[PDB]
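File shown here: entry_27.csv, holding CSV, C-alpha atoms.
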chain,number,residue,atom,x,y,z
A,1,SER,CA,85.6,107.3,81.3
A,2,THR,CA,88.1,109.8,82.6
A,3,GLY,CA,88.5,112.7,85.2
A,4,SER,CA,90.7,115.8,85.2
A,5,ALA,CA,91.0,118.0,88.2
A,6,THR,CA,93.4,121.0,88.9
A,7,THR,CA,95.5,120.8,92.1
A,8,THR,CA,96.8,124.0,93.7
A,9,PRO,CA,99.5,124.8,96.4
A,10,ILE,CA,97.8,125.9,99.6
A,11,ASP,CA,100.6,128.6,100.2
A,12,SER,CA,103.8,130.2,98.8
A,13,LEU,CA,105.9,127.2,99.9
A,14,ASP,CA,103.8,124.4,98.4
A,15,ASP,CA,103.2,123.0,101.9
A,16,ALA,CA,100.3,120.9,100.4
A,17,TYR,CA,98.1,120.8,97.3
A,18,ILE,CA,94.2,121.0,97.4
A,19,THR,CA,92.1,119.6,94.7
A,20,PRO,CA,88.3,120.4,94.4
A,21,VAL,CA,86.0,117.3,94.9
A,22,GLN,CA,82.2,117.2,94.7
A,23,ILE,CA,80.4,115.2,97.3
A,24,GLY,CA,76.6,114.5,97.4
A,25,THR,CA,73.4,115.5,95.6
A,26,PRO,CA,73.2,118.5,95.2
A,27,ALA,CA,77.0,118.6,95.1
A,28,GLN,CA,79.1,120.2,97.8
A,29,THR,CA,82.7,121.1,96.8
A,30,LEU,CA,85.4,120.5,99.3
A,31,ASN,CA,89.1,121.1,98.9
A,32,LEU,CA,90.9,117.8,99.5
A,33,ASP,CA,94.6,116.9,99.8
A,34,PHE,CA,95.2,114.0,97.4
A,35,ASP,CA,97.3,111.6,99.4
A,36,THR,CA,99.0,108.7,97.6
A,37,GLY,CA,100.4,107.8,101.2
A,38,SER,CA,97.0,106.9,102.7
A,39,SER,CA,93.8,105.2,101.6
A,40,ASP,CA,91.0,107.2,103.4
A,41,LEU,CA,88.5,109.6,102.1
A,42,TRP,CA,87.8,111.7,105.1
A,43,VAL,CA,86.3,115.2,105.3
A,44,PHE,CA,85.5,117.8,108.0
A,45,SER,CA,81.7,117.3,108.3
A,46,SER,CA,78.8,118.8,110.3
A,47,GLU,CA,79.6,116.1,113.0
A,48,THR,CA,83.0,117.6,113.8
A,49,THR,CA,83.6,119.3,117.3
A,50,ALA,CA,83.0,123.1,116.5
A,51,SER,CA,86.2,123.8,118.4
A,52,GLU,CA,88.4,121.7,116.0
A,53,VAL,CA,87.0,123.6,113.0
A,54,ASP,CA,88.6,126.9,111.8
A,55,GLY,CA,87.2,128.3,108.5
A,56,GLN,CA,87.0,124.9,106.6
A,57,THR,CA,84.0,124.0,104.3
A,58,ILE,CA,82.0,121.2,105.9
A,59,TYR,CA,80.3,118.2,104.3
A,60,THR,CA,76.6,118.1,105.5
A,61,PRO,CA,75.2,114.6,104.7
A,62,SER,CA,71.8,115.7,106.0
A,63,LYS,CA,71.6,118.1,103.0
A,64,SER,CA,72.3,115.2,100.6
A,65,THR,CA,69.7,113.0,98.9
A,66,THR,CA,72.2,110.3,98.0
A,67,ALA,CA,73.9,110.1,101.4
A,68,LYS,CA,73.5,106.8,103.4
A,69,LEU,CA,75.1,106.3,106.9
A,70,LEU,CA,77.3,103.2,106.6
A,71,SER,CA,75.8,101.7,109.8
A,72,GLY,CA,78.4,100.8,112.5
A,73,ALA,CA,81.4,101.6,110.5
A,74,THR,CA,84.1,103.8,112.1
A,75,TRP,CA,87.6,105.0,111.1
A,76,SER,CA,90.7,105.9,113.1
A,77,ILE,CA,93.8,107.2,111.4
A,78,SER,CA,97.2,108.4,112.5
A,79,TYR,CA,99.7,110.0,110.1
A,80,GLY,CA,103.5,110.0,109.8
A,81,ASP,CA,103.6,113.7,111.0
A,82,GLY,CA,101.8,112.8,114.2
A,83,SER,CA,98.4,114.1,113.1
A,84,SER,CA,95.2,112.1,113.5
A,85,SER,CA,91.3,112.0,112.9
A,86,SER,CA,88.3,109.7,113.7
A,87,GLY,CA,84.5,109.4,113.3
A,88,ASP,CA,81.8,107.6,111.4
A,89,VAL,CA,81.5,106.6,107.8
A,90,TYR,CA,78.9,107.7,105.2
A,91,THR,CA,78.4,106.6,101.5
A,92,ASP,CA,77.8,109.2,98.8
A,93,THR,CA,78.4,110.2,95.2
A,94,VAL,CA,81.9,111.6,94.8
A,95,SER,CA,83.2,113.2,91.6
A,96,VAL,CA,86.8,114.3,90.7
A,97,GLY,CA,87.1,116.4,87.5
A,98,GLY,CA,84.0,114.7,86.0
A,99,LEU,CA,84.8,111.2,87.1
A,100,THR,CA,81.9,109.9,89.3
A,101,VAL,CA,81.8,107.1,91.8
A,102,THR,CA,78.4,106.3,93.4
A,103,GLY,CA,78.4,104.7,96.9
A,104,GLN,CA,81.9,105.9,97.8
A,105,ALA,CA,82.8,105.8,101.6
A,106,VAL,CA,83.1,109.4,102.8
A,107,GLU,CA,84.5,109.3,106.3
A,108,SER,CA,82.8,112.1,108.4
A,109,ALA,CA,85.3,113.5,110.9
A,110,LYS,CA,83.8,113.8,114.4
A,111,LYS,CA,87.3,114.6,115.9
A,112,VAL,CA,90.4,116.1,114.2
A,113,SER,CA,93.9,116.9,115.6
A,114,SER,CA,95.4,120.5,115.9
A,115,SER,CA,97.4,120.3,112.6
A,116,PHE,CA,94.2,119.8,110.6
A,117,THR,CA,92.4,122.7,112.4
A,118,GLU,CA,95.3,125.1,111.6
A,119,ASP,CA,95.0,124.2,107.8
A,120,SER,CA,91.8,126.2,106.9
A,121,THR,CA,92.4,125.6,103.2
A,122,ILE,CA,92.4,121.8,103.6
A,123,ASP,CA,88.8,120.3,104.1
A,124,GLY,CA,90.0,116.7,104.2
A,125,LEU,CA,92.0,114.0,102.4
A,126,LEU,CA,91.6,111.8,99.3
A,127,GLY,CA,93.5,108.6,99.8
A,128,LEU,CA,95.0,107.2,96.7
A,129,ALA,CA,97.2,104.4,98.2
A,130,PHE,CA,96.3,100.6,98.1
A,131,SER,CA,92.8,99.9,99.8
A,132,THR,CA,94.6,97.5,102.2
A,133,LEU,CA,95.7,100.6,104.3
A,134,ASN,CA,92.0,101.8,104.7
A,135,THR,CA,91.2,102.3,108.4
A,136,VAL,CA,87.4,101.6,108.2
A,137,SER,CA,86.2,98.9,110.7
A,138,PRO,CA,84.6,96.3,110.7
A,139,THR,CA,84.3,96.4,106.9
A,140,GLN,CA,87.5,97.7,105.2
A,141,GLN,CA,86.5,100.2,102.4
A,142,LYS,CA,88.0,100.9,98.9
A,143,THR,CA,89.6,104.1,97.7
A,144,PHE,CA,88.1,106.4,95.0
A,145,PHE,CA,90.8,105.1,92.5
A,146,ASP,CA,89.8,101.5,93.3
A,147,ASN,CA,86.0,102.3,93.0
A,148,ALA,CA,86.6,104.1,89.7
A,149,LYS,CA,89.2,101.7,88.2
A,150,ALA,CA,86.6,99.4,86.5
A,151,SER,CA,84.9,102.4,84.7
A,152,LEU,CA,88.2,104.1,83.7
A,153,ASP,CA,89.6,103.9,80.1
A,154,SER,CA,92.9,102.9,81.6
A,155,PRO,CA,93.5,101.7,85.3
A,156,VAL,CA,95.9,104.6,86.0
A,157,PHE,CA,95.9,108.1,87.5
A,158,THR,CA,98.6,110.7,87.0
A,159,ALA,CA,100.1,113.4,89.2
A,160,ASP,CA,101.5,116.5,87.6
A,161,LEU,CA,102.3,118.8,90.5
A,162,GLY,CA,103.6,122.3,90.0
A,163,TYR,CA,106.4,124.3,91.6
A,164,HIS,CA,104.7,127.4,93.1
A,165,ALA,CA,102.0,126.9,90.4
A,166,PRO,CA,98.9,124.7,89.9
A,167,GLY,CA,99.1,121.3,88.4
A,168,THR,CA,96.8,118.3,87.6
A,169,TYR,CA,95.5,115.0,88.6
A,170,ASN,CA,94.1,112.9,85.7
A,171,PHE,CA,92.2,109.6,86.1
A,172,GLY,CA,92.0,106.9,83.4
A,173,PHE,CA,94.3,108.6,80.9
A,174,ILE,CA,97.9,109.7,80.1
A,175,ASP,CA,98.2,113.2,78.8
A,176,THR,CA,101.0,113.0,76.3
A,177,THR,CA,101.3,116.8,76.2
A,178,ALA,CA,102.1,117.0,79.9
A,179,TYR,CA,105.7,115.5,79.6
A,180,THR,CA,108.8,115.3,77.4
A,181,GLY,CA,110.6,112.1,76.3
A,182,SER,CA,109.4,108.7,77.6
A,183,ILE,CA,107.8,107.7,80.8
A,184,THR,CA,110.1,105.2,82.6
A,185,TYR,CA,108.1,102.5,84.5
A,186,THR,CA,109.4,100.9,87.6
A,187,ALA,CA,108.1,97.9,89.8
A,188,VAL,CA,105.8,98.6,92.7
A,189,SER,CA,105.6,96.4,95.9
A,190,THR,CA,102.0,96.5,97.3
A,191,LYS,CA,103.2,94.7,100.6
A,192,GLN,CA,103.0,97.7,103.0
A,193,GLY,CA,100.0,99.2,101.1
A,194,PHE,CA,102.0,102.1,99.6
A,195,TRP,CA,103.3,102.8,96.0
A,196,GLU,CA,106.7,101.3,97.1
A,197,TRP,CA,109.5,101.4,94.5
A,198,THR,CA,113.3,101.3,94.3
A,199,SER,CA,115.2,104.4,93.1
A,200,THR,CA,118.4,103.3,91.1
A,201,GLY,CA,120.6,106.1,92.6
A,202,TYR,CA,121.3,109.8,93.1
A,203,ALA,CA,123.5,112.8,92.2
A,204,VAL,CA,124.2,116.2,94.1
A,205,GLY,CA,124.3,119.1,91.7
A,206,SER,CA,126.7,118.5,88.8
A,207,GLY,CA,128.3,115.5,90.7
A,208,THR,CA,128.8,112.0,89.3
A,209,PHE,CA,125.7,109.7,89.6
A,210,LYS,CA,126.0,107.3,92.6
A,211,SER,CA,124.4,104.0,91.5
A,212,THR,CA,122.7,102.7,94.7
A,213,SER,CA,119.3,101.2,95.5
A,214,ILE,CA,117.0,103.4,97.6
A,215,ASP,CA,113.6,101.9,98.4
A,216,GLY,CA,110.9,104.6,98.9
A,217,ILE,CA,107.3,105.5,98.5
A,218,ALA,CA,105.8,107.9,95.9
A,219,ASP,CA,103.8,110.0,98.3
A,220,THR,CA,101.8,113.1,97.3
A,221,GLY,CA,100.6,113.6,100.9
A,222,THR,CA,104.1,114.4,102.2
A,223,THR,CA,105.6,117.8,101.3
A,224,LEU,CA,109.4,117.1,101.5
A,225,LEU,CA,111.8,114.5,100.2
A,226,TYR,CA,113.0,112.1,103.0
A,227,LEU,CA,116.1,110.0,102.1
A,228,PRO,CA,118.7,108.0,104.1
A,229,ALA,CA,121.1,110.0,106.3
A,230,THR,CA,124.1,109.1,104.1
A,231,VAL,CA,122.3,110.5,100.9
A,232,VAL,CA,121.0,113.7,102.7
A,233,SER,CA,124.4,114.5,104.4
A,234,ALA,CA,126.1,114.2,101.0
A,235,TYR,CA,123.6,116.8,99.6
A,236,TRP,CA,123.8,119.3,102.5
A,237,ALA,CA,127.7,119.0,102.6
A,238,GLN,CA,127.6,120.9,99.2
A,239,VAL,CA,125.7,123.8,100.7
A,240,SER,CA,127.8,126.4,102.6
A,241,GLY,CA,126.7,127.1,106.1
A,242,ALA,CA,124.2,124.2,106.1
A,243,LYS,CA,123.7,122.2,109.3
A,244,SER,CA,121.1,119.8,110.9
A,245,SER,CA,119.4,121.9,113.6
A,246,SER,CA,117.9,119.8,116.5
A,247,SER,CA,116.0,122.9,117.7
A,248,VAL,CA,114.4,123.3,114.2
A,249,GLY,CA,114.0,119.5,113.8
A,250,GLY,CA,116.0,119.1,110.6
A,251,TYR,CA,118.5,120.6,108.1
A,252,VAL,CA,118.7,124.4,107.7
A,253,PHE,CA,120.7,126.6,105.4
A,254,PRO,CA,121.7,130.3,105.0
A,255,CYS,CA,118.9,131.9,103.0
A,256,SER,CA,121.7,133.7,101.0
A,257,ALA,CA,122.9,130.3,99.5
A,258,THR,CA,122.0,128.9,96.1
A,259,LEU,CA,121.1,125.3,96.5
A,260,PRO,CA,122.4,122.6,94.1
A,261,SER,CA,120.0,120.3,92.3
A,262,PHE,CA,119.3,116.7,93.2
A,263,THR,CA,119.0,113.9,90.7
A,264,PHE,CA,117.3,110.6,91.5
A,265,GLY,CA,117.4,107.5,89.3
A,266,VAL,CA,114.3,105.8,87.9
A,267,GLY,CA,115.6,102.6,86.2
A,268,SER,CA,118.2,103.8,83.6
A,269,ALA,CA,116.6,107.3,83.6
A,270,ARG,CA,117.1,110.4,85.8
A,271,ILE,CA,114.7,113.0,87.3
A,272,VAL,CA,116.5,116.3,88.2
A,273,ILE,CA,115.0,118.3,91.1
A,274,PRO,CA,116.1,122.0,90.6
A,275,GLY,CA,117.7,123.5,93.7
A,276,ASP,CA,114.9,126.0,93.9
A,277,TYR,CA,112.4,123.2,94.7
A,278,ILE,CA,114.6,122.4,97.8
A,279,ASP,CA,114.2,125.9,99.3
A,280,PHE,CA,111.4,126.1,101.8
A,281,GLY,CA,112.1,129.7,102.9
A,282,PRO,CA,112.9,131.1,106.3
A,283,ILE,CA,112.4,128.9,109.4
A,284,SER,CA,110.4,131.8,111.0
A,285,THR,CA,109.4,135.2,109.5
A,286,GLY,CA,112.5,137.4,109.0
A,287,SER,CA,114.9,134.6,109.8
A,288,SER,CA,118.3,134.2,108.1
A,289,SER,CA,118.0,130.3,108.4
A,290,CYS,CA,116.0,128.6,105.6
A,291,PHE,CA,114.3,125.2,105.8
A,292,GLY,CA,115.6,122.4,103.6
A,293,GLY,CA,113.5,120.4,101.1
A,294,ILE,CA,115.7,117.3,101.6
A,295,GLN,CA,115.5,115.8,105.1
A,296,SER,CA,116.6,112.5,106.6
A,297,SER,CA,114.1,109.6,107.0
A,298,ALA,CA,116.0,108.1,110.1
A,299,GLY,CA,113.0,108.7,112.4
A,300,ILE,CA,110.3,107.6,109.8
A,301,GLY,CA,111.6,104.2,109.0
A,302,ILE,CA,110.5,104.7,105.3
A,303,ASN,CA,112.1,106.8,102.6
A,304,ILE,CA,109.6,109.2,101.1
A,305,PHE,CA,109.6,110.6,97.6
A,306,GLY,CA,107.2,113.5,98.4
A,307,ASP,CA,106.1,116.7,96.6
A,308,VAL,CA,109.7,118.0,96.4
A,309,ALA,CA,110.6,115.0,94.2
A,310,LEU,CA,107.3,114.4,92.5
A,311,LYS,CA,106.7,118.0,91.3
A,312,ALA,CA,109.9,117.7,89.2
A,313,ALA,CA,108.3,114.9,87.2
A,314,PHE,CA,105.1,113.8,85.4
A,315,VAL,CA,104.2,110.7,87.6
A,316,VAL,CA,102.0,107.9,86.4
A,317,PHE,CA,100.4,105.7,89.1
A,318,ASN,CA,99.4,102.4,87.3
A,319,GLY,CA,96.8,100.4,89.2
A,320,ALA,CA,96.8,97.5,86.8
A,321,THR,CA,97.0,93.8,88.2
A,322,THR,CA,100.8,94.3,88.3
A,323,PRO,CA,101.0,97.8,89.6
A,324,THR,CA,103.9,100.1,88.4
A,325,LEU,CA,105.0,103.7,88.8
A,326,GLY,CA,106.1,105.9,85.8
A,327,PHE,CA,108.4,108.9,85.9
A,328,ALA,CA,108.8,111.4,83.0
A,329,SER,CA,110.5,114.8,82.6
A,330,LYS,CA,108.5,118.0,82.1
Can you dump the structure from the file as structure tokens?
Amino acid sequence: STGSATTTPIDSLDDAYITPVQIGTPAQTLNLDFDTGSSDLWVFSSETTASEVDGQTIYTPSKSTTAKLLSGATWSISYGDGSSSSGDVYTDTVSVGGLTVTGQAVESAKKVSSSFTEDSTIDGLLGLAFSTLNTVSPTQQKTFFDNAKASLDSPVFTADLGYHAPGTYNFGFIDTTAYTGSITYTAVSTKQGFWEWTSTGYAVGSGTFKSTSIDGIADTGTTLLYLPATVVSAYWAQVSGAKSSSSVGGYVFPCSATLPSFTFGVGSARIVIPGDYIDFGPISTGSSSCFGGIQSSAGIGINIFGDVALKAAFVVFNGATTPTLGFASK
């Protein structure tokens, strides 16, 4: 069987993408952020501290006939941006675009951090990374992709994110109309629990391709593209008036400038990110300094191919025994 759900940018900058997910019987639809950089299905539930909730839809397991408390289980997660959440774990029927998984761990948030509270449009996260990163103790739990994998026509899910437009998440099938040319597949390392791959190089605007290995993670839960300082500096050196502001916390550019594109290698193939995708608008309302879409990964310790890089491609996440990533033009 398959599943097809539409994903939509939360705001005018594509800061995140929410995808509708049905939890329980009768179903309750929550808008979850599909994150291929984490493996937890957590939601804002009726058990959250009423102070940490600001206009979000809440999962009410007491109003669900198929909800079972996963007795004793707890989860504690901290993200790359510094955000965090914790609580107890429930099991319930979860569906994504028609694809149903019965007995899926739905982590009820009892406590959420301030970044989550501010995001009223995001009701929780749907972890699509390897289940080895799941934070449920004492019994580690599997992701929705893992639980659905056996009943899927093909053990894959695809991400087709849009630039200032809605896109799609498909499960169990490859939509041959959603891309042009071929899908280039590349090896994935499951060691750190992420979809870890090696980019074959890069180019800045119409510059000559630089063939160099760049290990990274295909991460839908991260907004920007985070590459090594050497690669990012080469990119921002081609933008007039661009600098790395320590007060902003990253690279800024004059809003009047037209950004060049950024090409990243996938095997012998190339994925071109239009310069427009790299423009995150003014740093503050009315400002003349604009936030860059390419930032350095120096502090993170991992290079991240986030939404900036992924929305320029049709991306296949192959969860076969030998997992691989596929990138195609669109």
Exercise: region 212-216 of chain A partners within 12 Å, only C-alpha atoms, chain neighbours under 2 positions left out, as a PyMOL selection string: chain A and resi 37+186-189+192+194-203+209-210+218-219+225-231+264-267+297+300-306+309+325
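Between residue 224 (chain A) and the residues A:33, A:153, A:15, A:52, the shortest atom-to-atom distance, using all atoms listed in the file, involves A:15.
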Distance query residue 20 (chain A) at most 8 Å, all atoms listed in the file, self and fewer than 5 positions along chain excluded, as a list in words: residues 5, 6, 7, 29, 30, 31, 32 and 96 of chain A
Residue with smallest distance to residue 41 (chain A) - pool A:155, A:275, A:124, A:181, counting all atoms listed in the file: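 Nearest candidate to residue 41 (chain A) out of A:155, A:275, A:124, A:181: A:124.
The residues that lie within 8 Å of the point (93.0, 107.6, 104.3), counting only C-alpha atoms, are residues 35, 38, 39, 40, 41, 42, 77, 125, 126, 127, 128, 133, 134 and 135 of chain A.
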With C-alpha atoms retained, write the just-selected residues as a PDB file, in the frame of the given file.
ATOM      1  CA  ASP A  35      97.300 111.600  99.400  1.00  0.00           C
ATOM      2  CA  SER A  38      97.000 106.900 102.700  1.00  0.00           C
ATOM      3  CA  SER A  39      93.800 105.200 101.600  1.00  0.00           C
ATOM      4  CA  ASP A  40      91.000 107.200 103.400  1.00  0.00           C
ATOM      5  CA  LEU A  41      88.500 109.600 102.100  1.00  0.00           C
ATOM      6  CA  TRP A  42      87.800 111.700 105.100  1.00  0.00           C
ATOM      7  CA  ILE A  77      93.800 107.200 111.400  1.00  0.00           C
ATOM      8  CA  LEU A 125      92.000 114.000 102.400  1.00  0.00           C
ATOM      9  CA  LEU A 126      91.600 111.800  99.300  1.00  0.00           C
ATOM     10  CA  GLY A 127      93.500 108.600  99.800  1.00  0.00           C
ATOM     11  CA  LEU A 128      95.000 107.200  96.700  1.00  0.00           C
ATOM     12  CA  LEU A 133      95.700 100.600 104.300  1.00  0.00           C
ATOM     13  CA  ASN A 134      92.000 101.800 104.700  1.00  0.00           C
ATOM     14  CA  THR A 135      91.200 102.300 108.400  1.00  0.00           C
TER      15      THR A 135
END
Pick from A:91, A:19, A:245, A:223 nearest to residue 163 (chain A), counting all atoms listed in the file: A:223
Option closest in space to residue 93 (chain A), from A:174, A:283, A:21, A:294 [counting all atoms listed in the file]: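 That would be A:21, the residue with the smallest distance to residue 93 (chain A).
For residue 327 (chain A), the list of residues within 9 Å, based on all atoms listed in the file and with local chain neighbours fewer than 3 positions off taken out, reads residues 182, 183, 184, 185, 186, 266, 269, 270, 271, 310, 313, 314, 315 and 316 of chain A.
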Pick from A:191, A:311, A:243, A:111 nearest to residue 51 (chain A), counting only C-alpha atoms: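 Of A:191, A:311, A:243, A:111, the one nearest residue 51 (chain A), counting only C-alpha atoms, is A:111.
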Local residues around (118.8, 133.0, 107.5), at most 9 Å away, using all atoms listed in the file, as an MDAnalysis selection string: chainID A and resid 252:256 281:283 286:290
Two-atom distance - CA of residue 273 (chain A), CA of residue 11 (chain A) (Å):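 Separation between CA of residue 273 (chain A) and CA of residue 11 (chain A): 19.9 Å.
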Residues within 6 Å of region 70-74 of chain A, only C-alpha atoms, excluding chain neighbours under 2 positions, as a VMD selection string: chain A and resid 87 to 90 136 to 137
Would you save the residues of that selection, restricted to C-alpha atoms, as a PDB file, in the frame of the given file?
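Output contents, as saved in out20.pdb:
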ATOM      1  CA  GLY A  87      84.500 109.400 113.300  1.00  0.00           C
ATOM      2  CA  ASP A  88      81.800 107.600 111.400  1.00  0.00           C
ATOM      3  CA  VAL A  89      81.500 106.600 107.800  1.00  0.00           C
ATOM      4  CA  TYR A  90      78.900 107.700 105.200  1.00  0.00           C
ATOM      5  CA  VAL A 136      87.400 101.600 108.200  1.00  0.00           C
ATOM      6  CA  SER A 137      86.200  98.900 110.700  1.00  0.00           C
TER       7      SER A 137
END
Point-to-point distance from CA of residue 151 (chain A) to CA of residue 317 (chain A), Å rounded to tenths: 16.4 Å
